[PDB]
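Methodologically, a virtual Cβ is constructed for each residue, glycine included, from the backbone with ideal geometry; neighbour enumeration extends over all protein chains shown. Here, each number is a calculation from the coordinates, and none is a lab measurement.
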Amino acid sequence: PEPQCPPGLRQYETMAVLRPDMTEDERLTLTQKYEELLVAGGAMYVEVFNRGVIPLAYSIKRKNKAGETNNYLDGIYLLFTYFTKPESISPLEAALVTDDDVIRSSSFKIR
Amino acid sequence: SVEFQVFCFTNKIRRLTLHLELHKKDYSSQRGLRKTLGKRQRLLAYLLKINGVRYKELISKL
Amino acid sequence: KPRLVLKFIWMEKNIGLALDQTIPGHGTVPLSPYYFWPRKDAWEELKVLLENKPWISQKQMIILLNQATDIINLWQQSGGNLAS
Amino acid sequence: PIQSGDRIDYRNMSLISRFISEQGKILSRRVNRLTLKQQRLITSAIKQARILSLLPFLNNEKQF
Amino acid sequence: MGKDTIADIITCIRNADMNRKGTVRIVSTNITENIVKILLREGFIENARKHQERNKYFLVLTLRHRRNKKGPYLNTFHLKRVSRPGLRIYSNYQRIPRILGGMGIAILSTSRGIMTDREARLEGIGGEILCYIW
RNA sequence: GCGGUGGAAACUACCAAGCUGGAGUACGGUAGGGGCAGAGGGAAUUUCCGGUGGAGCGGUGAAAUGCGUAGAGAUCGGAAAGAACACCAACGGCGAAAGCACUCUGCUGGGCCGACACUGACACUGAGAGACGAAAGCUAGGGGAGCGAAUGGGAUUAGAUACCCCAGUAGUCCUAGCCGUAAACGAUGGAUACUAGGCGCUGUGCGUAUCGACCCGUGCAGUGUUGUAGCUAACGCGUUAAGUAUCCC
């Protein structure tokens, strides 16, 4: 079902880990910035599914906007099996670095 | 098909050149541009060796 | 996947640890490797051989390593004392 | 063995962690007994999962 | 298919029998056909056969031997080029050499066809010496 | 030798016309530390800031200079900094060479394989030329933790401008250039054709086997190790020749 659209442009999958605290505006507001990606990308944007929060190995260094406070052991594991033009992925990187509830966001390009 | 080789290499040099001039330091693709120029140039000396008028058309097309 | 035997020998100076290993889903022939009288490592040599196999499951490697460890341990104590 | 059809990704933490040690370091091709292609692909995937802190960079030593 | 089509056949002959293999596969152009035609009839080789593989007509050529020896052919064949591409050689009907007195032959390109020393010495014609074997 | 003239057309050349295996292209795959740019990463080291505790720490062939009661080192936490990227790493992959390995993205080179899908010799080499070209060096500006020419002190020493040790500047890194040399080494210019094998590795292709990963043979290309023939003064090289030949510098 996914090989329908990739005549024309590319395919990706972004892994992004989250804060473990909030349960509200986490599925919501990060899907709203996924709608910011929808203004950017506008392709078969499906399967943005969530993975359960588990203890990771080692993480420090949240870098809140002038917080620089929280160490972590847990995080919500979002991954977006999205699909876009190869133009404007670096603004997705800046969007997934600058926002607070998204730390350590590594995108990929499955083949 | 020869004029698709010359025309295809011409679009190759267009897209690779507008890559390279806004980039300016890739010293690997410089060989690709120069192999394309030399390869196309031996094609143009080939079709000039065969014909007059037809190679004049290849000059006048681009 | 067949299952396994470490054989130890204690003589006062010298341990030998001997690892006899077995087949995965791929038909293989191990020896028993005997690790030797000089101070050259027995556990590292044995465990590394097992890891190099992957043909050995974790349970199998560990059970043999635990038995090997136990003998090296008894050997160290007997050598430091005179048990015999 | 254990190729299992589906390709090795960072999301597949079953065959991954059969390949690292408990000390958390990548084992070679002659130990893991794969092809060169399997080895490089789990290498890049394991280092990706190393970025996502799914896997430790160092495991603290233990006895008893 | 390199630069030369005659060092093609010839170097396949030397490289053929210096490894004692009594079988040659070469291309069959016009001048190769003429050389093996004026070479089977002079007792050096045994048979030349044309066939096809992908409708490309080739020559398989059977070399001479003798019986079970240290090497099954006694007289080493000793083929040699002369008129290299880039250094053409040309002879009158005077210069045309009797190779080793006559034990070798000098296949050469007359205006008639390509002859040997017998068939170009009686003619009185001369021409471009392709190669001489001995 | 040169010239005139009459004949021959195989070879070089010429004229014309086809041909495809040479060479390319189109297409589908495919592998990659190929290059450059942008983001991101964590160990470790050093320094600083705190809590502890109190006499050495560090170093060596043995010592010493140094640092330390102004609290060193050690230990735990907090920052910051630059530089390099452990295991994977393989007698492995790629690049024309130099080189290239933390990961991810973008642009982009090059290779390999198949079908005839196309053109029809477009080929090879290359004087002079042009590009790139480890490291050290230099101009300009940043940056500077570690290491460290010069230098300085201690030691060994008859002596020590040296090996050892403690500090340590240029440099190392980056931006933009210049320089254009190296054991820039495979001590082997490039290209094509042909000439035993064994044991390997990498990439793809076919058939077997299952119907799916294997696994066997293979078609090629590349990489390695023993080795026939032949060559070689010998050592050795040996389908990736230093073999047999042809061309070019």
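Put the Cα centre of the stretch A:62-85 next to the Cα centre of chain D and the gap is 24 Å.
The spread of Cα positions in chain C, taken along each principal axis and listed from longest to shortest, comes to 46, 21, 17 Å.
What's the local net charge at B:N51, with K and R +1, D and E -1, over the other residues with C-beta under 13 Å away?
Values: positive: B:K49, B:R54, B:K56; negative: B:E3, B:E57.
Net charge around B:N51: +1.
Since only C:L50, A:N64, E:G102 are under comparison, the one whose Cα sits farthest along the positive direction of the charge dipole of the protein assembly as shown, derived from C-beta charges on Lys, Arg, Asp and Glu, is E:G102.
Across chain A, the mean sequence separation of Cα contacts (distance under 8 Å, 6 or more residues apart), normalised by length, yields a relative contact order of 45 percent. Only the Cβ atoms of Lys and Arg (+1) and of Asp and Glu (-1) were treated as charged; on that basis the dipole of the stretch E:8-106 about its Cα centre amounts to roughly 260 debye. For the segment C:50-57, counting C-beta atoms of other chains within 10 Å of every residue's C-beta and taking the mean gives 4.
Straight-distance candidates among the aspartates and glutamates for linking to E:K37, with alpha-carbon spacing under 20 Å and chain neighbours fewer than 8 residues away dropped: E:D4, E:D8, E:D17, E:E46, E:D117, E:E119, E:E123, E:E128.
Across the stretch E:77-134, the relative contact order, built from alpha-carbon pairs under 8 Å that are at least six residues apart, equals 48 percent.
Shielding of peptide B:47-55 by partners, expressed as the average count of other chain Cβ atoms within 10 Å per residue Cβ, is 0.
Using a cutoff of 8 angstrom between alpha carbon atoms and counting only pairs six or more residues apart, the relative contact order for chain E works out to 21 percent. Its DSSP H runs of at least 4 residues, each contributing -39,500 (n - 2.57), put the calculated 222 nm mean residue ellipticity of chain C at -13000 deg cm²/dmol, to the nearest 500.
Is the stretch E:77-134 best put as rounded, prolate or oblate by its Cα gyration tensor, with a ≥ b ≥ c the root eigenvalues, rounded for a/c under 1.5, and otherwise prolate when a/b is larger than b/c, oblate when not? Verdict is oblate for the stretch E:77-134.
Return the calculated 222 nm mean residue ellipticity for chain A, to the nearest 500 deg cm²/dmol, obtained by summing -39500 (n - 2.57) across DSSP H runs with n ≥ 4 and dividing by the residue count.
Numbers: 2 runs with 21 residues, N = 111.
Computed mean residue ellipticity for chain A: -5500 deg cm²/dmol.
Averaging the Cα positions of each part gives two centres, and for the stretch C:38-84 and the stretch E:1-70 these lie 68 Å apart. For chain B, the spherically averaged projection of the C-alpha convex hull amounts to 4.3 nm².
I need the shape label for the stretch E:1-43. Rule: rounded when a/c is under 1.5, else prolate if a/b > b/c, else oblate, with a, b, c from the alpha carbon gyration tensor. In terms of gyration-tensor shape, oblate.
Ignoring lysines fewer than eight residues from C:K47 along the same chain, the ones with Cα atoms less than 27 angstrom from its Cα are C:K1, C:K7, C:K13, C:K59, D:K25, D:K37, D:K47, D:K62. How would you classify chain A from its alpha-carbon gyration tensor, with a ≥ b ≥ c the square roots of the eigenvalues: rounded for a/c under 1.5, else prolate if a/b is greater than b/c, otherwise oblate? Prolate shape, in that a/c is at least 1.5 and a/b is the bigger ratio. Across the options E:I10, E:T29, E:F44, the greatest Cα extent toward the positive end of the charge dipole of the stretch E:1-76 (unit charges at beta carbon of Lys, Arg, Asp, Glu) belongs to E:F44. Think of chain A as a dipole: +1 on every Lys or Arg Cβ, -1 on every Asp or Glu Cβ, centred on the Cα centre; then among A:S106, A:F80, A:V53, A:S106 lies furthest on the positive end.
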